[PDB]
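To start, the structure under review is shown below, and the notes come after it.
Using ideal geometry, Cβ is built from the backbone for each residue, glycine included, and neighbour counts are taken over all protein chains shown. All of this is worked out from the model, or read from it or from the source named; no laboratory read-out is quoted.
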Protein chains: 2
Amino acid sequence: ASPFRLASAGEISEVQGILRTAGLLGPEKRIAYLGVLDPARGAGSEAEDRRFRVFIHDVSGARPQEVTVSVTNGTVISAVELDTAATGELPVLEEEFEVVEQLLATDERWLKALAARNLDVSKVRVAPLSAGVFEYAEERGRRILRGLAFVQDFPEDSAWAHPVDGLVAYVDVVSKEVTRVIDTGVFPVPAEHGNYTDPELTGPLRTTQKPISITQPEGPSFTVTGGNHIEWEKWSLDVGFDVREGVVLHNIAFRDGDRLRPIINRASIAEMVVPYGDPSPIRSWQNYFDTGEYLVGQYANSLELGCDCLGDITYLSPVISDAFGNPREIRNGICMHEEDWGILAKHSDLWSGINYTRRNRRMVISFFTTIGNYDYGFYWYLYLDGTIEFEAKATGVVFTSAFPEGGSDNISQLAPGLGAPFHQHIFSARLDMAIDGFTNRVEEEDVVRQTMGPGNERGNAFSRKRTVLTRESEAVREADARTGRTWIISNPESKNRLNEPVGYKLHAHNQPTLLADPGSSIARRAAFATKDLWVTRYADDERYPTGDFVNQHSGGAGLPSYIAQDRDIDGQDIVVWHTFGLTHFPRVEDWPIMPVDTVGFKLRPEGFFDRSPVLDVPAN
Amino acid sequence: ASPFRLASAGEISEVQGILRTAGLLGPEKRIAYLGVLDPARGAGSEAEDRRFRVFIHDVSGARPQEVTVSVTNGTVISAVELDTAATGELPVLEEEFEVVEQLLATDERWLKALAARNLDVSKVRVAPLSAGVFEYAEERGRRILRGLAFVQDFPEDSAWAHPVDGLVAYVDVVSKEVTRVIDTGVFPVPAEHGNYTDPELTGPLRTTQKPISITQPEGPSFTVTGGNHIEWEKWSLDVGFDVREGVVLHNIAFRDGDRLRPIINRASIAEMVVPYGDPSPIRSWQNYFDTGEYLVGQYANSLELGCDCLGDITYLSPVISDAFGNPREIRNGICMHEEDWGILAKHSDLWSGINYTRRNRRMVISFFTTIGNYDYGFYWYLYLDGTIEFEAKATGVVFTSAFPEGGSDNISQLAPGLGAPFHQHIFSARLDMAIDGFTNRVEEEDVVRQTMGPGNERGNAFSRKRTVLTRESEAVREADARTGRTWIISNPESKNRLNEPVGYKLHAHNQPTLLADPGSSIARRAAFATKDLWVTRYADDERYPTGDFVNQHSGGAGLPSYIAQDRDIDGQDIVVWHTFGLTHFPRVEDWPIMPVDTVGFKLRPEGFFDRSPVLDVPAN
Ligand SMILES: [Cu+2]
Ligand SMILES: [Cu+2]
Ligand SMILES: [K+]
Ligand SMILES: [K+]
Ligand code: NA
Ligand code: NA
């Protein structure tokens, strides 16, 4: 019944059949992206129409297509041929990654570079990375990956310990040609291993950790219906999954007495960029768009009970398409559980004699993905008190290089001769807002300091100000931690009992945004990452801050193009795009495998309720 | 046998006996503060001298004294008379708070003000608050409290729902005289009750929360020896308790191989100030120094198992002195336990085939205190990966006023006619550093953006810079979130295997600092709160950022005075004082009892270790 249910294997197979029937999926075609579309605005009024969007690649080099299918009706809604040099290449195919090492292994230039370094080609792994857009005119309209080399000494060796600096190659993964091999000079390949399961390196394992047992003897407090509809402690939502974005939350709402009150229509991480800050030509092109170029959902891990997710866990196993349109399940790819969260509210009152304490808890929805050396966890939290929070967890093995003799301003040393280039991990959260419905606006709120003088003779007063963002031209905003800057999303047509528009306040971490020079390729391609907050008017085709096709795509799409429309956002259907990230100067403690570091944001109700929403929580 | 052990009931009784015998504790004497002194530098050689520091007030108006006694040898080490008009008044006595309501109840001016408002005097509670120093010359050298009125309709009613605005009184708590009653005009007393245990207000309690059971079938992984010495997962420390500061951590060190490596010599919250930003003369003097004026440890709650602290809990029950020198135990006042903390490190490697996941945990040491309407939780965390973290949790009932007709730039509305004046809660963490020993220095680290051009042709490079703080005149620093500013404490004479000084990096939340005008009384008395980071040279007598006697001190005491010495801090025994706080514009959701909100900071190792310190953690 629910139009927000997860895609099923049968739906994916049926999309395959519809595409085949339409002549759009012959043997040379590959599915580079496939996902269910959300129901149209106002659609609830009518019957089910489950539509899927597909990006179809052609291994013969013919132009690819973007296609929308109605699986319900068995029809192709639209099919358009793409000019990729203009609008962007399709996301990288899992099958294209392996091409790189294979092709390089028989290239005379590559072999000569390896021989100069006394390296056995059979032991050289190649990290096949996205190419971006630089000065190589021959790449325009071609699907390129760039390869960086790492030595793997034996089958279970961590190759990341042994970067081969001074060497990079470019490969056309459709024509299967090595277009360039660049060798700027030999660097020693760091010899120390980074094998974090080798007893020689770990030493004797700790015997001091006693078990922590977390159980729910009566089961969890949330219910799951229709496969992915969650109800928990007044909250209601649907947990979606998309191969590009990963976990997507739909219809986040809170049951306040008799009213189901919407808060956020759709929440997702709509892009993530990982830009490298080492000016060496070996890596100066290196920027991952894990969401837009790689598709983070497709690399979601299967999460193990007791290790990845502890306690009473309810799993979802989302289905995605493989390269041929066949369904494949990611078993136990999404964890759902509730966690104790310490004290909720507490007061010991002298005058009344009443001592009161209540405990907090949060609902958790999470998944974990692996992109080469890096592993990222995506966690959404709902709290009893109405707070909504997202947290990203970064771990894995840091990307390495040689450490230059004489040091570096752009690389840190992890081990003898082993460097780790500086980089960032920057996320964009797309929050399609629906505070008490779709009529919303955003205000920027700053603390206001006041001068000592008349009306403030003791110089103690302080205040705040709010500025409504009325049009998209006014809605590209930056952090100001010093002035406690936040952004409030409110509904000017829905008032609380004190006659104030109901709202939610976004609290950012105020981490640095994109550091690259504004004239760089990456600043143009990751324009969203240069500012902390953007507000747009909702539109069906405005899904990602980087546009539909990010791979080898220049500036020209995404948020800067959307904002130019200068639409009314003052009491309208709006979308907040929040940039937030980590700036990583790797430390020795990050090696040989990195302890988790985190970044995120939260929203708290701001006069959304008529009083605390947790007065009906019982004593523990 | 450890000099860092908690005070025994007998030790306190011994101080009482020494004082009495010495003629220093007659019938008019009151103990306003009593605490054990830490060992002086390098004293681990000589045999111990357990010394206690005592502030003695005199209720007949005789001059107070600061006294040091040795319980080991049964002697008075020193007794010095204080000129309070010069150096500040002693902390407020619980017995002086009680004087205010009693005295006002028979004052004609107070009765006249209540009669105009038709309020039964027997129902009027008075919040007796610290006075500060303003324009009243007659207050110098006198102990004053200022009282604000709240109506309590019946014994179990929350009086905070019913503030009596336009009225304030000043009381001399020694001469027991009402020095002033100020009535600026009647404001309606808000009528709605704020009784969060009344079913009429809570509605039917939720029956939807199923149990979360946290147990440790083999007990906890930490050991407690000598009463308060903790060993857990490589960490070593002593948990102290002081009536002023509350929980204090001593000798935080980490066992790296066969070496016990010091990190922090002493960690405490050395002050916390709650300044109000409402320019009404009814409240414009209102600033709580919860630590310095009230003494937070004195009001520490007894914590209930299953309620306040969940799981396998080990309690400390610290002893403090009452006003007459008798020992009083705070039963179950400190919670100690370890918590699961999600994923520690994770990587799924394609090339090696090895899938690796480890879980994190943290040691928690916490207490909760109640200051009138407010309740604060203080939490220290030690993580497996070497991270040290502090978190304050703010809850309780917000301080209220009338909400003016026409609104307010300095007060928010919580309920009909009920206001909540704007205010801050600002903490000072005093960290007596000992990174690999006492020879330390601090560097300020900023991200450095780079311009596209020669050496950076693609404009992707970024870097960072570090500035050593060499002298105290250079060591008063502010946040810069935009530039990712942090501070590193290192030991220039202890290097890791890569030949870099070992260090720890402090990560601030970058919340706003003190908002008051720089010329205000509060900016002078709480100067520490105006800047994010201070570094001083260690000195025995430099304990609090606001000085020893905060109550009614005119200003300039503490950090500003210490810093003025301009001592060498470059490779010396130094102390870091971090200011961090919440700026609170109360929301409707904070009423009638406030859901917890939080603030804090953390420090992470920065090349302190030679590689990840958690490679020896076993699989779950
Ligand atoms: Cu990183
Ligand atoms: Cu507050
Ligand atoms: K059909
Ligand atoms: K003795
Ligand atoms: Na919207
Ligand atoms: Na020190």
Next on the checklist: Among the residues that make up the range B:234-245, is at least one of them facing chain A (nearest Cβ under 10 Å) and surrounded by fewer than 21 Cβ atoms within 10 Å (Cβ to Cβ)?
Outcome noted: yes
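Just to check your reading of the model, which residue among B:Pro199, B:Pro220 is surrounded by fewer than 15 Cβ atoms within 10 Å (Cβ to Cβ), of a type outside the set (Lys, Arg) and over 30 Å from B:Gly132 (Cβ atoms)?
Details: B:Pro220 fails: surrounded by fewer than 15 Cβ atoms within 10 Å (Cβ to Cβ).
Only one candidate qualifies: B:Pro199.
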Considering residues that are surrounded by fewer than 14 Cβ atoms within 10 Å (Cβ to Cβ) and within 15 Å of ligand 4 (Cβ to nearest atom), the number found within the range B:63-74 is 3
Within the range B:157-196, residues out of contact with any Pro (no Cβ under 7 Å at 6 or more places or on another chain), surrounded by 18 or more Cβ atoms within 10 Å (Cβ to Cβ), of a type in the set (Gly, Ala, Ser) and more than 21 Å from B:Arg146 (Cα to Cα) come out as none
Note: among A:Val614, A:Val596, just one is more than 29 Å from A:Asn440 (Cβ to Cβ), among the hydrophobic types (A, V, I, L, M, F, W, C) and within 7 Å of chain B (Cβ to nearest Cβ), namely A:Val596
Considering residues that are closer than 30 Å to A:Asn496 by Cβ and assigned to a loop (DSSP other than H, G, I, E, B), the number found within the range A:397-438 is 5
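Name the residues in the range A:443-488 that are of a type in the set (D, E, K, R) and without any contact (Cβ under 8 Å) to a residue 40 or more places away in the chain, would you?
Filtering the range A:443-488 for residues of a type in the set (D, E, K, R) gives A:443-446, A:449, A:457-458, A:464-466, A:471-472, A:474, A:477-478, A:480, A:482, A:485.
Selection gives A:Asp446, A:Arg449, A:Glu457, A:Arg458, A:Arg464, A:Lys465, A:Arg466, A:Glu474, A:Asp480, A:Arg482.
Would you pick out the residues in the range A:365-396 that are within 14 Å of ligand 1 (Cβ to nearest atom) and assigned to a strand (DSSP E or B)?
Initial filter on the range A:365-396 (within 14 Å of ligand 1 (Cβ to nearest atom)): A:371-377, A:392-396.
Across the range A:365-396, the qualifying residues are A:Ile371, A:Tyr374, A:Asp375, A:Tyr376, A:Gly377, A:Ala392, A:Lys393, A:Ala394, A:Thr395, A:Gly396.
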Counting only strands (runs of 3 or more DSSP E) entirely within the range B:263-331, those with at least 3 residues that are within 16 Å of ligand 2 (Cβ to nearest atom) and either under 20 Å from the mean Cα position of the chain (by Cα) or surrounded by fewer than 22 Cβ atoms within 10 Å (Cβ to Cβ) (or both) are B:287-289
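Given the residues B:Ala475, B:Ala479, B:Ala429, B:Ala402, which is the only one that is more than 16 Å from ligand 5 (Cβ to nearest atom), within 8 Å of chain A (Cβ to nearest Cβ) and either closer than 14 Å to B:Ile574 by Cα or of a type in the set (A, V, I, L, M) (or both)? Walk me through it before giving the result.
On the way: B:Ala475 fails: within 8 Å of chain A (Cβ to nearest Cβ); B:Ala429 fails: within 8 Å of chain A (Cβ to nearest Cβ); B:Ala402 fails: within 8 Å of chain A (Cβ to nearest Cβ).
Among B:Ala475, B:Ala479, B:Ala429, B:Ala402, only B:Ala479 is more than 16 Å from ligand 5 (Cβ to nearest atom), within 8 Å of chain A (Cβ to nearest Cβ) and either closer than 14 Å to B:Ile574 by Cα or of a type in the set (A, V, I, L, M) (or both).
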Restricting attention to the range B:382-403, does a residue exist that is within 18 Å of B:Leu514 (Cβ to Cβ), within 16 Å of ligand 2 (Cβ to nearest atom) and out of contact with any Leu (no Cβ under 9 Å at 6 or more places or on another chain)?
no
In the range B:248-277, anything among the hydrophobic types (A, V, I, L, M, F, W, C) and more than 16 Å from ligand 6 (Cβ to nearest atom) is listed as B:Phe254, B:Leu260, B:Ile269, B:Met272, B:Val273, B:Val274
Checked the range A:444-467 for anything crowded, with 24+ Cβ neighbours inside 10 Å and either assigned to a loop (DSSP other than H, G, I, E, B) or within 16 Å of ligand 6 (Cβ to nearest atom) (or both); matches are A:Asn460, A:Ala461
A:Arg441 passes all but one of the listed conditions (1) in contact with a helix residue (DSSP H, G or I) (Cβ under 9 Å, 6 or more places away or on another chain); (2) more than 10 Å from chain B (Cβ to nearest Cβ); (3) in a strand (DSSP E or B); the exception is number (1)
The condition from (1) part of a strand (DSSP E or B); (2) of a type in the set (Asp, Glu); (3) farther than 27 Å from B:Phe580 by Cα that B:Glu200 misses is numbered (1)
Problem set entry | Boolean, B:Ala529 is part of a helix (DSSP H, G or I), farther than 20 Å from B:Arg471 by Cα and more than 11 Å from chain A (Cβ to nearest Cβ) | yes
>> If I filter the range A:581-592 for residues that are away from ligand 2 (no atom under 16 Å from the Cβ), among the β-branched types (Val, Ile, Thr) and within 9 Å of chain B (Cβ to nearest Cβ), do I get at least one hit?
In response: yes
Within the range A:558-584, the count of residues that are buried (at least 22 other Cβ atoms within 10 Å of the Cβ), away from ligand 5 (no atom under 16 Å from the Cβ) and assigned to a loop (DSSP other than H, G, I, E, B) comes to 1
Residue count, the range A:51-62, condition free of Cβ contacts under 8 Å to residues at least 60 places away in the same chain and either touching a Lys or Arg at 6+ places or on another chain (Cβ under 9 Å) or surrounded by fewer than 18 Cβ atoms within 10 Å (Cβ to Cβ) (or both), comes to 5
Looking across the range A:16-27 at residues that are part of a loop (DSSP other than H, G, I, E, B) and under 17 Å from A:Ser78 (Cα atoms), the single one that is farthest from ligand 2 (Cβ to nearest atom) is A:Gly23
*Can you find a residue in the range A:170-184 that is aliphatic (A, V, I, L, M), under 20 Å from A:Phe97 (Cβ atoms) and in a loop (DSSP other than H, G, I, E, B)?*
yes
For B:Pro404, are the conditions met, namely being touching a strand residue (DSSP E or B) at 6+ places or on another chain (Cβ under 9 Å) and within 30 Å of B:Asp165 (Cβ to Cβ)?
yes
Is it fair to say B:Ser366 is out of contact with any strand residue (DSSP E or B) (no Cβ under 8 Å at 6 or more places or on another chain) and away from ligand 6 (no atom under 16 Å from the Cβ)? no
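Results for (1) outside the structural domain of B:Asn373 (by CATH); (2) under 30 Å from A:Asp610 (Cβ atoms); (3) over 24 Å from the mean Cα position of the chain (by Cα), shown as yes or no for each residue.
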{"site": "B:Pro560", "(1), (2), (3)": "no, no, no"}
{"site": "B:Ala564", "(1), (2), (3)": "no, no, yes"}
{"site": "B:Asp573", "(1), (2), (3)": "no, no, no"}
{"site": "B:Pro586", "(1), (2), (3)": "no, yes, no"}
{"site": "B:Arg604", "(1), (2), (3)": "no, no, no"}
{"site": "B:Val614", "(1), (2), (3)": "no, no, yes"}
Checked pairs for the range B:309-338, first within 16 Å of B:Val15 (Cβ to Cβ), second among the aromatic types (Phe, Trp, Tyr), C-beta under 7 Å and 6 or more apart or across chains, list as B:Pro318/B:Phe241
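Results for (1) free of Cβ contacts under 8 Å to residues at least 24 places away in the same chain; (2) away from ligand 5 (no atom under 16 Å from the Cβ); (3) within 26 Å of the chain's Cα centre (by Cα); (4) within 24 Å of B:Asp548 (Cα to Cα), shown as yes or no for each residue.
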residue	(1), (2), (3), (4)
B:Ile18	no, yes, no, yes
B:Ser45	yes, yes, no, no
B:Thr68	no, yes, yes, yes
B:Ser78	yes, yes, no, yes
B:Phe97	no, yes, yes, yes
Review point. If you check A:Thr357 against the conditions, is it within 16 Å of ligand 1 (Cβ to nearest atom), facing chain B (nearest Cβ under 8 Å), of a type in the set (S, T, N, Q) and touching a residue at least 24 places away in the same chain (Cβ under 8 Å)?
Key: no
